[PDB]
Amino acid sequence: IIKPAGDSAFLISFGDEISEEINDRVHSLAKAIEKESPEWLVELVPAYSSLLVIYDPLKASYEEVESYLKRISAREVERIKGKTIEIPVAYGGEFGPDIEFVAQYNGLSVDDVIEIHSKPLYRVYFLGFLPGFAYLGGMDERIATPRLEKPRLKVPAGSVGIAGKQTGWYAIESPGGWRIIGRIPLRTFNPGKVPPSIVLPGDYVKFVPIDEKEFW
């Protein structure tokens, strides 16, 4: 989101949001630009939710520089879209027993847990098999919540939980003491599918709140 920034400069702007996903967009974009090295490039100054771009006005016209940054940002968003798997989660109620305590331990409503949880773009950083679990990075800290004092013996397949600053899900029924906030209806790990998990490390995940009814 792309605005002029004074003398021979533009600011890409994401914007206003201190955020690890934001931080990495900035960085990835600066990188995407550095991959081209356009001949008109003077400086790139990342900030937490923006990137300053400065150009040599003898090399590139203003209108050129503006257009190009619009085009390189389009292609960054398309690259990240291609890497993004959308995951429906029915949050609260029977599907997540522990959501009320997550809210309350953090001083929020349940609806707020749901927005804060499903807002980021998560990175899949590790997968385990047998029992399958997907471990994710990128959770907002306002929903951080320690584990149950004693684990449940049977967590249904698809449970989305929190455990400190981590979120992830139980791919099949298994023990665990993570705070369960929602359940996924997709069979996320399926031996005898190729590949056998729907996300692989290095993929991104977008959780998508659904109701009970387009859960079943």
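When you see a residue number, it is the position in the sequence shown, counting from 1.
Of 40-48 and 60-68, the stretch whose C-alpha atoms average the higher B-factor in the entry:
Result: 60-68.
133-141 versus 113-121 - which carries the larger mean C-alpha B factor in the record
Between 133-141 and 113-121, it is 113-121.
Based on the PDB record, which member of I181, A171, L153, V53 exhibits the highest Cα temperature factor?
Highest CA B-factor of the listed options: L153.
Split into thirds by Cα B-factor across the chain's modelled residues, where does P175 land: lowest, middle or highest?
Ranked within chain, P175 CA B lands in the middle tercile.
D24, C-alpha B-factor rank within chain (lowest, middle or highest third)
According to the entry, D24 has a C-alpha B-factor in the chain's middle third.
Taking the values exactly as deposited, rank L11 by C-alpha B-factor within its chain and report the matching third: lowest, middle or highest.
Ranked within chain, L11 CA B lands in the middle tercile.
Classify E94 as lowest, middle or highest third according to the C-alpha B-factor given in the PDB entry, relative to its own chain.
For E94, whose C-alpha B-factor we compare with every modelled residue in the chain, the answer is the highest third.
Please rank the C-alpha B-factors of the chain's modelled residues and tell me whether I87 sits in the lowest, middle or highest third.
It belongs to the middle third of the chain when residues are ordered by C-alpha B-factor.
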